[PDB]
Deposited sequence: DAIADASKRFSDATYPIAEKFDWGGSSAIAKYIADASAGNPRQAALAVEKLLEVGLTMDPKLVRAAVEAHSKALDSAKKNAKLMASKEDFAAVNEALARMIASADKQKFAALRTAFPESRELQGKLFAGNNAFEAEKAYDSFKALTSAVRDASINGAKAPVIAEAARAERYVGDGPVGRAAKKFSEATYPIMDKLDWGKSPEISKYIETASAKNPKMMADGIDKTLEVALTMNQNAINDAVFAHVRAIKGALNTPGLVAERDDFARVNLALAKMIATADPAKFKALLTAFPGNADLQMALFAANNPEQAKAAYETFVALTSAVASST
């Protein structure tokens, strides 16, 4: 069909550019994500809120296929030093995304183009690192794909219904109560350790990072999609309640709702696979020591006890 053929053309046009891109290093993308909120923290937080809302307008079946496609492509990418997928897996990632975007609310989706801060300076840097004639040809093929997708769009008509707690519920409230005082002292619009990790982590061990991403997607595919939708919406609500507060500190009720929603979503994952993510990413132990070093020692240790308690309640459910 129209999408399939346009996607094919887009894939053809972009694969050669993709082959020259530094997927695993500290590219202009790694540095842009790392510093994006430094400029306008509120705009960055609102953008994330819009990103999740758009995701909430999509057809879960197509979201799932799109994620499956990335996981399958990682299987081939994570074996070579360039983290470069096969032309086959690559073309399949694009067609799955084209179909998933066809199910999204059109206006909300198109609005993501201008939602993130300074995405224009990033795009200019990405172009400067590509062959200009090549990227131009790719962009014209991208436009033709967007039209095929727009023409085929169901405009969010399959958005999932979203709702809007025995031992789990109780253990989550204690966890919330013990972590809120730690959360409320941090500046979520300026988190030095996390930014530095995002900026430099992959470059140090690209293969392990691609594997970590892959395992994470893999774990996500074992979760109950309605629970995924609930947790995602819980965060959309939290952010709205956090946007005007210094440091983007969540409101107490929103924060609790997020932890409960996550607890439930994690209860639905493959346990060994979820558990294993703890050691899946490169440099995570060192990242956690640095995050811990920024917190009140006492309160964090006290919180860890509630964290272990919640982990058990969830395992029993």
Deposited sequence positions missing from the model - stretches, numbered from 1, in order: 165-173, 327
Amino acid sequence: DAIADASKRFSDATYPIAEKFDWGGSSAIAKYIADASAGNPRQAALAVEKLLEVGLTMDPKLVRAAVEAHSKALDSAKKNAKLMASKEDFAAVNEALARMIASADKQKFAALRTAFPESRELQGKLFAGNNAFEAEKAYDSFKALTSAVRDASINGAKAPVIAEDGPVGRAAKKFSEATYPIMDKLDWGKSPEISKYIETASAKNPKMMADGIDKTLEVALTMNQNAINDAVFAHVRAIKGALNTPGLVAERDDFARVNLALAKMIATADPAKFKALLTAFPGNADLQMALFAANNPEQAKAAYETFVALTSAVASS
From here on, numbers count along this sequence of modelled residues.
Pick between 36-44 and 50-58: the one whose mean CA B-factor in the entry is higher. 36-44
Using only C-alpha atoms and the B-factors in the entry, which stretch averages higher, 74-82 or 226-234? 74-82
I'd like to know which of 113, 174, 137, 185 has the highest C-alpha temperature factor in the PDB entry. 174
In terms of CA temperature factor as recorded, identify the highest of 249, 272, 29, 262. 272
Mind checking which third residue 266 falls in for C-alpha B-factor across the chain? middle
Consider only the C-alpha atoms of the modelled residues in this chain, order them by B-factor as the entry records it, and name the third containing residue 297: lowest, middle or highest. highest
Lowest, middle or highest third: which one holds residue 303 when the chain's residues are ordered by CA B-factor from the entry? middle
Looking at the entry's B-factor column for C-alpha atoms only, identify whether residue 245 ranks in the lowest, middle or highest third of its chain. lowest
Which third, lowest, middle or highest, does the CA B-factor of residue 122 fall in along this chain? middle
